[PDB]
């Protein structure tokens, strides 16, 4: 009931859950980035994405695992990042993340148990509570950590998404 991965051992329950995943949902801030928003004196805004996560996302997409993003902010740079990686299911300016989640379930003809969610803060928990595989990144808010099925060894924006992508592909044979 416990299997070796290149990040350390995971339980067979987590691995069984990962095998059923058809949709991976991600936060942006704190998951794809480290949480920082860079702001300038005339409208300049930057975010830092991890390139190893991008390969993870590319691999998932070419391996029949849809990737969606549900974020509370609206930013063209996020639209650019998604468009460069081939992510189409982008949801911006979402206060209540449950709406987009239900939308995704219907559009993909998919059940909550076929969904994985990678989050870092308590606003993600209403959705995380419902999905097949809930994941907190290593440096998520302290109260979210014990609530997840799986906690990543790698921090948000440092390869946390790559780790999850690696896990899904290992569980589904496709690695």
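Numbering follows the first chain given and starts at 1. Take the two forms, find the largest set of C-alpha atoms that superpose within 1.5 Å, and that set is the rigid core.
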property	result
Between 66-74 and 46-54, the one whose CA atoms sit farther away in 5 other deposited structures of this protein (rigid core aligned)	66-74
Which of 57-65 and 36-44 has higher mean CA B factor, as the PDB entry lists it	57-65
Relative C-alpha B-factor of residue 95, binned into the chain's lowest, middle or highest third	highest
Residue 132 by Cα B-factor - lowest, middle or highest third of the modelled chain	middle
CA B-factor placement of residue 30, once the chain's modelled residues are sorted into thirds	highest
B-factor third for the C-alpha atom of residue 141 within its chain	lowest
Where the record places residue 71 (Cα B-factor, split into thirds across the chain)	highest
